[PDB]
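Peer 1: Just so it is clear, I am handing over structure10.cif, which has mmCIF, C-alpha atoms.
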data_final
loop_
_atom_site.group_PDB
_atom_site.id
_atom_site.type_symbol
_atom_site.label_atom_id
_atom_site.label_comp_id
_atom_site.auth_asym_id
_atom_site.auth_seq_id
_atom_site.Cartn_x
_atom_site.Cartn_y
_atom_site.Cartn_z
ATOM 1 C CA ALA A 29 0.000 0.000 0.000
ATOM 2 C CA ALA A 30 0.986 3.652 -0.292
ATOM 3 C CA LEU A 31 3.087 4.666 2.697
ATOM 4 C CA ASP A 32 2.010 7.451 5.025
ATOM 5 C CA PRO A 33 4.484 10.358 4.607
ATOM 6 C CA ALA A 34 3.986 11.146 8.308
ATOM 7 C CA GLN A 35 5.226 7.691 9.365
ATOM 8 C CA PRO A 36 8.983 7.367 9.988
ATOM 9 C CA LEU A 37 10.628 4.325 8.447
ATOM 10 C CA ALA A 38 13.038 1.899 10.041
ATOM 11 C CA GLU A 39 16.606 1.872 8.772
ATOM 12 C CA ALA A 40 17.198 -1.318 6.843
ATOM 13 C CA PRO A 41 20.139 -3.466 7.902
ATOM 14 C CA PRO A 42 23.118 -2.949 5.593
ATOM 15 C CA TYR A 43 23.272 -5.237 2.582
ATOM 16 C CA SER A 44 26.641 -6.361 3.975
ATOM 17 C CA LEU A 45 24.759 -8.099 6.795
ATOM 18 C CA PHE A 46 22.698 -10.165 4.355
ATOM 19 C CA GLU A 47 25.873 -10.850 2.360
ATOM 20 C CA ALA A 48 27.564 -12.268 5.462
ATOM 21 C CA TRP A 49 24.468 -14.365 6.159
ATOM 22 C CA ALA A 50 24.554 -15.529 2.525
ATOM 23 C CA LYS A 51 27.940 -17.243 2.908
ATOM 24 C CA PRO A 52 27.547 -20.677 1.267
ATOM 25 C CA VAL A 53 27.407 -23.949 3.158
ATOM 26 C CA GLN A 54 27.587 -27.426 1.717
ATOM 27 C CA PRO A 55 24.024 -28.763 1.307
ATOM 28 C CA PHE A 56 22.988 -31.610 3.575
ATOM 29 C CA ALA A 57 20.034 -33.610 4.883
ATOM 30 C CA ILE A 58 17.941 -32.471 7.840
ATOM 31 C CA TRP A 59 15.929 -35.710 7.716
ATOM 32 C CA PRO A 60 15.037 -38.300 5.066
ATOM 33 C CA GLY A 61 13.185 -36.365 2.391
ATOM 34 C CA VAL A 62 14.215 -32.970 3.830
ATOM 35 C CA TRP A 63 17.268 -31.112 2.526
ATOM 36 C CA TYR A 64 18.951 -27.841 3.472
ATOM 37 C CA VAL A 65 20.147 -25.932 0.389
ATOM 38 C CA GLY A 66 20.463 -22.428 1.853
ATOM 39 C CA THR A 67 23.400 -20.458 3.242
ATOM 40 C CA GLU A 68 24.989 -20.078 6.681
ATOM 41 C CA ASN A 69 22.019 -18.042 7.936
ATOM 42 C CA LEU A 70 19.482 -17.652 5.064
ATOM 43 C CA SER A 71 17.385 -20.805 5.076
ATOM 44 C CA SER A 72 16.212 -22.706 2.011
ATOM 45 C CA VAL A 73 14.656 -26.145 2.473
ATOM 46 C CA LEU A 74 13.919 -28.717 -0.242
ATOM 47 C CA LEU A 75 11.249 -31.368 0.329
ATOM 48 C CA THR A 76 11.703 -34.244 -2.118
ATOM 49 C CA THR A 77 8.906 -36.552 -3.181
ATOM 50 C CA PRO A 78 8.221 -39.141 -5.923
ATOM 51 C CA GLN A 79 5.905 -36.601 -7.630
ATOM 52 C CA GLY A 80 8.237 -33.586 -7.440
ATOM 53 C CA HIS A 81 9.744 -31.280 -4.874
ATOM 54 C CA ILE A 82 8.820 -28.273 -2.747
ATOM 55 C CA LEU A 83 11.303 -25.478 -2.057
ATOM 56 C CA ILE A 84 10.779 -23.144 0.913
ATOM 57 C CA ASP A 85 12.455 -19.756 0.335
ATOM 58 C CA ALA A 86 15.372 -18.875 -1.939
ATOM 59 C CA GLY A 87 17.865 -16.477 -0.302
ATOM 60 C CA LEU A 88 19.326 -13.436 -2.025
ATOM 61 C CA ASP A 89 19.214 -13.001 -5.787
ATOM 62 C CA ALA A 90 23.020 -13.101 -5.755
ATOM 63 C CA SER A 91 22.723 -16.533 -4.101
ATOM 64 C CA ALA A 92 20.389 -18.016 -6.743
ATOM 65 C CA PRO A 93 23.168 -19.773 -8.729
ATOM 66 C CA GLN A 94 24.564 -21.287 -5.523
ATOM 67 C CA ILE A 95 21.195 -22.652 -4.409
ATOM 68 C CA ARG A 96 20.770 -24.303 -7.810
ATOM 69 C CA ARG A 97 24.253 -25.791 -7.441
ATOM 70 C CA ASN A 98 23.322 -27.044 -3.963
ATOM 71 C CA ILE A 99 20.177 -28.697 -5.312
ATOM 72 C CA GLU A 100 22.176 -30.225 -8.169
ATOM 73 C CA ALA A 101 24.971 -31.322 -5.816
ATOM 74 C CA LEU A 102 22.449 -33.399 -3.848
ATOM 75 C CA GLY A 103 21.409 -35.061 -7.104
ATOM 76 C CA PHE A 104 18.065 -33.344 -7.748
ATOM 77 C CA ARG A 105 16.827 -31.366 -10.744
ATOM 78 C CA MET A 106 15.472 -27.824 -10.856
ATOM 79 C CA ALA A 107 12.807 -29.001 -13.316
ATOM 80 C CA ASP A 108 11.353 -31.340 -10.672
ATOM 81 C CA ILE A 109 10.533 -28.506 -8.231
ATOM 82 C CA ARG A 110 6.755 -28.082 -8.377
ATOM 83 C CA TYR A 111 6.262 -25.364 -5.742
ATOM 84 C CA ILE A 112 8.305 -22.556 -4.214
ATOM 85 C CA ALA A 113 6.813 -21.316 -0.935
ATOM 86 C CA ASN A 114 7.824 -17.979 0.610
ATOM 87 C CA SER A 115 7.946 -17.063 4.292
ATOM 88 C CA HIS A 116 8.190 -13.268 3.939
ATOM 89 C CA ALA A 117 8.733 -11.032 0.925
ATOM 90 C CA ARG A 118 12.116 -9.439 1.564
ATOM 91 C CA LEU A 119 15.378 -10.018 -0.269
ATOM 92 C CA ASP A 120 16.660 -12.312 2.490
ATOM 93 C CA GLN A 121 14.048 -14.988 1.691
ATOM 94 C CA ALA A 122 12.474 -14.041 -1.668
ATOM 95 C CA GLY A 123 15.420 -12.416 -3.452
ATOM 96 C CA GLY A 124 16.167 -15.463 -5.588
ATOM 97 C CA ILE A 125 12.603 -16.679 -6.181
ATOM 98 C CA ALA A 126 12.295 -15.016 -9.599
ATOM 99 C CA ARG A 127 15.374 -16.786 -10.957
ATOM 100 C CA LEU A 128 14.623 -20.095 -9.241
ATOM 101 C CA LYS A 129 11.077 -19.907 -10.632
ATOM 102 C CA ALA A 130 12.430 -19.308 -14.139
ATOM 103 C CA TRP A 131 14.879 -22.202 -13.815
ATOM 104 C CA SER A 132 12.330 -24.688 -12.448
ATOM 105 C CA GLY A 133 8.937 -23.865 -13.917
ATOM 106 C CA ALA A 134 7.530 -24.110 -10.391
ATOM 107 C CA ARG A 135 4.493 -22.280 -9.060
ATOM 108 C CA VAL A 136 5.166 -19.781 -6.288
ATOM 109 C CA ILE A 137 2.993 -19.928 -3.157
ATOM 110 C CA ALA A 138 2.678 -16.913 -0.862
ATOM 111 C CA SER A 139 0.181 -14.944 1.187
ATOM 112 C CA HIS A 140 -1.620 -12.046 -0.474
ATOM 113 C CA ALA A 141 0.484 -9.412 1.292
ATOM 114 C CA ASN A 142 3.694 -11.210 0.307
ATOM 115 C CA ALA A 143 2.385 -11.522 -3.257
ATOM 116 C CA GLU A 144 1.733 -7.780 -3.450
ATOM 117 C CA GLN A 145 5.181 -6.921 -2.103
ATOM 118 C CA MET A 146 6.879 -9.464 -4.382
ATOM 119 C CA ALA A 147 5.115 -7.894 -7.374
ATOM 120 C CA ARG A 148 6.667 -4.587 -6.248
ATOM 121 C CA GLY A 149 10.088 -6.237 -5.952
ATOM 122 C CA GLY A 150 10.230 -5.516 -2.224
ATOM 123 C CA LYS A 151 9.285 -1.833 -2.415
ATOM 124 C CA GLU A 152 6.677 -0.073 -0.258
ATOM 125 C CA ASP A 153 7.820 -2.138 2.706
ATOM 126 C CA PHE A 154 5.892 -0.826 5.707
ATOM 127 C CA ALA A 155 9.143 -0.584 7.704
ATOM 128 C CA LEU A 156 11.911 -0.284 5.100
ATOM 129 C CA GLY A 157 10.264 1.583 2.216
ATOM 130 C CA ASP A 158 12.215 0.982 -0.993
ATOM 131 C CA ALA A 159 15.531 0.389 0.802
ATOM 132 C CA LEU A 160 16.136 -3.215 -0.361
ATOM 133 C CA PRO A 161 14.528 -4.106 -3.702
ATOM 134 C CA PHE A 162 14.855 -7.469 -5.411
ATOM 135 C CA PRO A 163 13.641 -9.032 -8.678
ATOM 136 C CA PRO A 164 9.827 -8.936 -8.848
ATOM 137 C CA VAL A 165 7.776 -12.132 -8.837
ATOM 138 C CA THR A 166 4.161 -12.848 -9.778
ATOM 139 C CA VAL A 167 2.791 -15.315 -7.225
ATOM 140 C CA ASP A 168 1.056 -18.229 -8.944
ATOM 141 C CA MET A 169 -1.031 -19.391 -5.955
ATOM 142 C CA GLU A 170 -1.991 -17.010 -3.179
ATOM 143 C CA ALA A 171 -2.100 -18.753 0.198
ATOM 144 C CA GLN A 172 -4.725 -18.230 2.889
ATOM 145 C CA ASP A 173 -4.275 -19.245 6.513
ATOM 146 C CA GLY A 174 -4.869 -22.960 6.977
ATOM 147 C CA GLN A 175 -4.629 -23.783 3.270
ATOM 148 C CA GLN A 176 -2.983 -27.097 2.412
ATOM 149 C CA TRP A 177 -0.974 -28.455 -0.518
ATOM 150 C CA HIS A 178 -0.350 -32.159 -1.149
ATOM 151 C CA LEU A 179 2.510 -33.624 -3.184
ATOM 152 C CA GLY A 180 3.675 -37.252 -3.224
ATOM 153 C CA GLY A 181 2.516 -37.977 0.312
ATOM 154 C CA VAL A 182 3.808 -34.687 1.763
ATOM 155 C CA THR A 183 1.414 -32.055 3.112
ATOM 156 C CA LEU A 184 2.354 -28.363 3.129
ATOM 157 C CA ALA A 185 0.141 -26.133 5.277
ATOM 158 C CA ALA A 186 0.178 -22.354 5.637
ATOM 159 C CA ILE A 187 0.402 -20.922 9.162
ATOM 160 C CA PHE A 188 -0.005 -17.151 8.980
ATOM 161 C CA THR A 189 2.326 -15.467 11.480
ATOM 162 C CA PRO A 190 2.182 -11.730 10.753
ATOM 163 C CA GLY A 191 4.303 -9.177 12.566
ATOM 164 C CA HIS A 192 7.718 -9.178 10.932
ATOM 165 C CA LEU A 193 5.680 -8.258 7.858
ATOM 166 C CA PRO A 194 1.892 -8.165 7.425
ATOM 167 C CA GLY A 195 2.061 -11.278 5.238
ATOM 168 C CA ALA A 196 4.726 -13.204 7.172
ATOM 169 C CA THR A 197 3.966 -16.912 6.810
ATOM 170 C CA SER A 198 5.189 -20.003 8.636
ATOM 171 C CA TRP A 199 4.868 -23.433 7.037
ATOM 172 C CA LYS A 200 3.900 -26.781 8.547
ATOM 173 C CA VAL A 201 5.179 -29.875 6.740
ATOM 174 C CA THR A 202 3.842 -33.395 7.281
ATOM 175 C CA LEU A 203 6.162 -35.939 5.688
ATOM 176 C CA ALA A 204 5.073 -39.261 4.237
ATOM 177 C CA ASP A 205 6.765 -40.984 7.196
ATOM 178 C CA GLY A 206 4.453 -39.078 9.558
ATOM 179 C CA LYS A 207 7.090 -36.769 11.030
ATOM 180 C CA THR A 208 6.039 -33.148 11.336
ATOM 181 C CA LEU A 209 8.067 -30.010 10.750
ATOM 182 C CA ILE A 210 7.449 -26.285 11.184
ATOM 183 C CA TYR A 211 9.428 -23.707 9.209
ATOM 184 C CA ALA A 212 8.902 -20.604 11.336
ATOM 185 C CA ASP A 213 9.044 -17.142 9.837
ATOM 186 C CA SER A 214 10.818 -14.358 11.678
ATOM 187 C CA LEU A 215 9.276 -12.662 14.689
ATOM 188 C CA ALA A 216 11.991 -9.990 14.848
ATOM 189 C CA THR A 217 11.323 -6.249 14.616
ATOM 190 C CA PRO A 218 14.801 -4.733 14.149
ATOM 191 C CA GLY A 219 14.670 -0.943 14.273
ATOM 192 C CA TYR A 220 10.893 -1.039 13.863
ATOM 193 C CA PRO A 221 8.668 1.811 15.058
ATOM 194 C CA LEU A 222 6.269 -0.504 16.870
ATOM 195 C CA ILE A 223 3.703 1.761 18.514
ATOM 196 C CA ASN A 224 0.734 2.914 16.417
ATOM 197 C CA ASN A 225 2.730 2.586 13.217
ATOM 198 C CA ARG A 226 0.574 4.243 10.546
ATOM 199 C CA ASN A 227 1.909 1.885 7.845
ATOM 200 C CA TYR A 228 1.020 -1.187 9.968
ATOM 201 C CA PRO A 229 -1.325 -0.215 12.827
ATOM 202 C CA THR A 230 -2.089 -3.781 14.012
ATOM 203 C CA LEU A 231 1.581 -4.811 14.279
ATOM 204 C CA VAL A 232 1.856 -5.620 17.985
ATOM 205 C CA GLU A 233 -1.545 -7.309 18.222
ATOM 206 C CA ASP A 234 -0.666 -9.399 15.156
ATOM 207 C CA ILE A 235 2.745 -10.499 16.410
ATOM 208 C CA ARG A 236 1.312 -11.450 19.811
ATOM 209 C CA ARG A 237 -1.309 -13.555 18.021
ATOM 210 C CA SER A 238 1.513 -15.126 15.994
ATOM 211 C CA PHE A 239 3.244 -16.159 19.232
ATOM 212 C CA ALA A 240 0.127 -17.994 20.404
ATOM 213 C CA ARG A 241 -0.466 -19.458 16.942
ATOM 214 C CA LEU A 242 2.978 -21.094 16.872
ATOM 215 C CA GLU A 243 2.756 -22.036 20.562
ATOM 216 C CA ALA A 244 -0.408 -24.037 19.823
ATOM 217 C CA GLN A 245 1.510 -26.258 17.345
ATOM 218 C CA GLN A 246 3.497 -29.371 18.289
ATOM 219 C CA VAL A 247 5.958 -30.836 15.780
ATOM 220 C CA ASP A 248 9.051 -33.035 15.626
ATOM 221 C CA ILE A 249 11.508 -30.831 13.699
ATOM 222 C CA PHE A 250 11.912 -27.093 14.312
ATOM 223 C CA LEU A 251 13.259 -24.991 11.441
ATOM 224 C CA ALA A 252 13.321 -21.232 10.901
ATOM 225 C CA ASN A 253 14.037 -18.712 8.153
ATOM 226 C CA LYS A 254 17.283 -17.740 9.941
ATOM 227 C CA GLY A 255 19.766 -20.466 10.808
ATOM 228 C CA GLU A 256 20.853 -18.959 14.129
ATOM 229 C CA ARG A 257 17.311 -19.385 15.460
ATOM 230 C CA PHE A 258 17.361 -23.209 15.344
ATOM 231 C CA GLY A 259 21.096 -23.919 15.720
ATOM 232 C CA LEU A 260 21.617 -24.737 12.041
ATOM 233 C CA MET A 261 25.414 -24.723 11.959
ATOM 234 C CA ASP A 262 25.839 -26.707 15.186
ATOM 235 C CA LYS A 263 23.189 -29.290 14.280
ATOM 236 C CA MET A 264 24.622 -29.579 10.760
ATOM 237 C CA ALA A 265 28.052 -30.550 12.092
ATOM 238 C CA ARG A 266 26.606 -32.967 14.654
ATOM 239 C CA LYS A 267 24.519 -34.783 12.053
ATOM 240 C CA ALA A 268 27.446 -35.071 9.639
ATOM 241 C CA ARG A 269 29.402 -36.676 12.481
ATOM 242 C CA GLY A 270 26.706 -39.276 13.192
ATOM 243 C CA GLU A 271 23.812 -37.639 15.073
ATOM 244 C CA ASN A 272 20.943 -38.749 12.823
ATOM 245 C CA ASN A 273 18.328 -37.034 15.019
ATOM 246 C CA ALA A 274 20.162 -33.711 15.445
ATOM 247 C CA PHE A 275 17.213 -31.729 14.051
ATOM 248 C CA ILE A 276 14.572 -33.623 16.048
ATOM 249 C CA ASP A 277 13.573 -31.134 18.746
ATOM 250 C CA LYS A 278 9.975 -31.392 19.960
ATOM 251 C CA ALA A 279 10.391 -28.360 22.253
ATOM 252 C CA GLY A 280 12.240 -26.283 19.655
ATOM 253 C CA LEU A 281 9.274 -24.266 18.417
ATOM 254 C CA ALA A 282 8.003 -23.483 21.925
ATOM 255 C CA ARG A 283 11.521 -22.359 22.860
ATOM 256 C CA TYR A 284 11.696 -20.122 19.782
ATOM 257 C CA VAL A 285 8.384 -18.441 20.634
ATOM 258 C CA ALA A 286 9.390 -17.860 24.264
ATOM 259 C CA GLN A 287 12.682 -16.260 23.208
ATOM 260 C CA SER A 288 10.981 -14.198 20.500
ATOM 261 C CA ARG A 289 8.243 -13.062 22.894
ATOM 262 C CA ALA A 290 10.728 -11.996 25.574
ATOM 263 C CA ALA A 291 12.838 -10.125 23.013
ATOM 264 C CA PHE A 292 9.816 -8.405 21.463
ATOM 265 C CA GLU A 293 8.246 -7.357 24.774
ATOM 266 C CA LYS A 294 11.611 -5.980 25.906
ATOM 267 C CA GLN A 295 11.843 -3.804 22.785
ATOM 268 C CA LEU A 296 8.205 -2.715 22.971
ATOM 269 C CA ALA A 297 8.588 -1.873 26.671
ATOM 270 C CA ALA A 298 11.566 0.374 25.900
ATOM 271 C CA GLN A 299 9.642 2.200 23.166
ATOM 272 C CA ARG A 300 6.590 2.582 25.431
ATOM 273 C CA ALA A 301 8.811 4.212 28.063
ATOM 274 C CA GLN A 302 10.391 6.736 25.691
ATOM 275 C CA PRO A 303 10.014 10.193 27.343
#
What would you get if you wrote out this structure as structure tokens?
Peer 2:
Amino acid sequence: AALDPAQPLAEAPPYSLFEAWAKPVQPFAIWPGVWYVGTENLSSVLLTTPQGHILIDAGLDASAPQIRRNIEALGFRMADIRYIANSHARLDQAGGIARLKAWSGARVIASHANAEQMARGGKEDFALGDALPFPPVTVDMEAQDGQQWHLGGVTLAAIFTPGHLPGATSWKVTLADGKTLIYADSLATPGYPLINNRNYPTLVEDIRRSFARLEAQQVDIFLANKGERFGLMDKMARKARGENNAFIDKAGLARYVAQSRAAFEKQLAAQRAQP
């Protein structure tokens, strides 16, 4: 939407921060049928199935060739990716979707608000304005909360978790083996003007509802859009060394919400107390 000229914007993080987070890592398996093909801190998760694959998120546009190489290094084909699902429509997660869509022929799945922002190539961000644009994408299938997709025994379900952005979306995956997985979107509000933000007036009520939404979900494997939030690098090394169940963490999601809640309320409390 058009931004209110009376509403101050947050300062975007420097692109150098995303570049550091985009440092490549060797792709690896989180669990049978579940592959990590992202970077050190920008998550991208491939779900493989006998009827095609699902990719969650795509990193920076500059990372697109590396993600394709990671997918190919594991032995899979871009042409077999049927869906690309997006958590939130900023360059850190959607920057490479345009190129990965072109390379795969997949259909992109995203919430309406993420679809609108992706069509704008990241511009008119309620918090960042036009600070960090990326290649525009036309979402093929707009997701609504609770909607489900089925592919070769895998179920992909949208869990709306607004706050980081109005369209921020978490994803619940049910594998054919019965194991469950949540890919949690960010709950962070770095540099955000939180209180009565004219570009996003329901922000704090939304993010508090997103806490409870994720807290009401119980799964086996906790993943997030940012590696640091679920111990990606530590778990990756442990599993390579022999810890098959390194990413099994039934309390992981609840722990993430508790941490995110405490961090958010601490920031909001400081802004509320501003003289």
Peer 1: Dump as a list in words all residues having an atom at most 7 Å from (14.8, -27.6, 2.9), computed in the file's coordinates with all atoms listed in the file.
Peer 2: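 Applying the cut-off with all atoms listed in the file, one gets residues 62, 63, 64, 65, 72, 73, 74, 75, 83 and 84 of chain A.
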Peer 1: Write out as a ChimeraX atom specification each polymer residue whose atoms come within 12 Å of residue 236 of chain A, counting only C-alpha atoms; drop sequence neighbours fewer than 2 positions from it.
Peer 2: /A:189-192,215-216,230-234,238-243,285-286,288-290,292-293,296
Peer 1: Which residues are close to residue 140 of chain A, i.e. within 12 Å by only C-alpha atoms, leaving aside same-chain residues fewer than 5 positions away? Reply as a list in words.
Peer 2: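 Listed by chain and then number, they are residues 114, 115, 116, 117, 145, 146, 147, 166, 167, 168, 169, 170, 171, 172, 173, 188, 190, 193, 194, 195, 196 and 197 of chain A.
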Peer 1: How many Å separate atom CA of residue 50 of chain A from atom CA of residue 67 of chain A?
Peer 2: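 Straight-line distance from atom CA of residue 50 of chain A to atom CA of residue 67 of chain A works out to 5.1 Å.
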Peer 1: Run the PyMOL selection byres ((chain A and resi 299) around 12) against the file shown and list the residues it catches, as a short mmCIF file (atom, residue, chain, number, x, y, z; two decimals) with C-alpha atoms, keeping the file's coordinate frame.
Peer 2:
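That gives us out-v1.cif:
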data_model
loop_
_atom_site.label_atom_id
_atom_site.label_comp_id
_atom_site.auth_asym_id
_atom_site.auth_seq_id
_atom_site.Cartn_x
_atom_site.Cartn_y
_atom_site.Cartn_z
CA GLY A 219 14.67 -0.94 14.27
CA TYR A 220 10.89 -1.04 13.86
CA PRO A 221 8.67 1.81 15.06
CA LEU A 222 6.27 -0.50 16.87
CA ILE A 223 3.70 1.76 18.51
CA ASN A 224 0.73 2.91 16.42
CA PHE A 292 9.82 -8.40 21.46
CA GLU A 293 8.25 -7.36 24.77
CA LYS A 294 11.61 -5.98 25.91
CA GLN A 295 11.84 -3.80 22.78
CA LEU A 296 8.20 -2.72 22.97
CA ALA A 297 8.59 -1.87 26.67
CA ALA A 298 11.57 0.37 25.90
CA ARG A 300 6.59 2.58 25.43
CA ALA A 301 8.81 4.21 28.06
CA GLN A 302 10.39 6.74 25.69
CA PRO A 303 10.01 10.19 27.34
#
Peer 1: Got a sec to write segment 229-240 of chain A of the block to a file, N, CA and C atoms, as a short mmCIF file (atom, residue, chain, number, x, y, z; two decimals), in the first residue's frame?
Peer 2:
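selection-v5.cif, freshly written:
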data_model
loop_
_atom_site.label_atom_id
_atom_site.label_comp_id
_atom_site.auth_asym_id
_atom_site.auth_seq_id
_atom_site.Cartn_x
_atom_site.Cartn_y
_atom_site.Cartn_z
N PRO A 229 -0.81 -0.57 11.49
CA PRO A 229 -1.32 -0.22 12.83
C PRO A 229 -1.59 -1.40 13.74
N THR A 230 -1.79 -2.61 13.20
CA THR A 230 -2.09 -3.78 14.01
C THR A 230 -0.85 -4.62 14.32
N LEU A 231 0.35 -4.03 14.18
CA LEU A 231 1.58 -4.81 14.28
C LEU A 231 1.66 -5.60 15.59
N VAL A 232 1.52 -4.93 16.74
CA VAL A 232 1.86 -5.62 17.98
C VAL A 232 0.78 -6.63 18.33
N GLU A 233 -0.48 -6.34 18.00
CA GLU A 233 -1.54 -7.31 18.22
C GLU A 233 -1.36 -8.52 17.32
N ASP A 234 -0.93 -8.30 16.08
CA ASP A 234 -0.67 -9.40 15.16
C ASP A 234 0.47 -10.29 15.65
N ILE A 235 1.59 -9.69 16.05
CA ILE A 235 2.74 -10.50 16.41
C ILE A 235 2.47 -11.28 17.69
N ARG A 236 1.70 -10.70 18.62
CA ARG A 236 1.31 -11.45 19.81
C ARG A 236 0.38 -12.61 19.47
N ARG A 237 -0.50 -12.43 18.48
CA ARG A 237 -1.31 -13.56 18.02
C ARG A 237 -0.46 -14.60 17.31
N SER A 238 0.63 -14.18 16.66
CA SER A 238 1.51 -15.13 15.99
C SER A 238 2.27 -15.97 17.01
N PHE A 239 2.65 -15.38 18.15
CA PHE A 239 3.24 -16.16 19.23
C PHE A 239 2.32 -17.30 19.64
N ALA A 240 1.07 -16.98 19.94
CA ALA A 240 0.13 -17.99 20.40
C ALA A 240 -0.18 -19.00 19.31
#
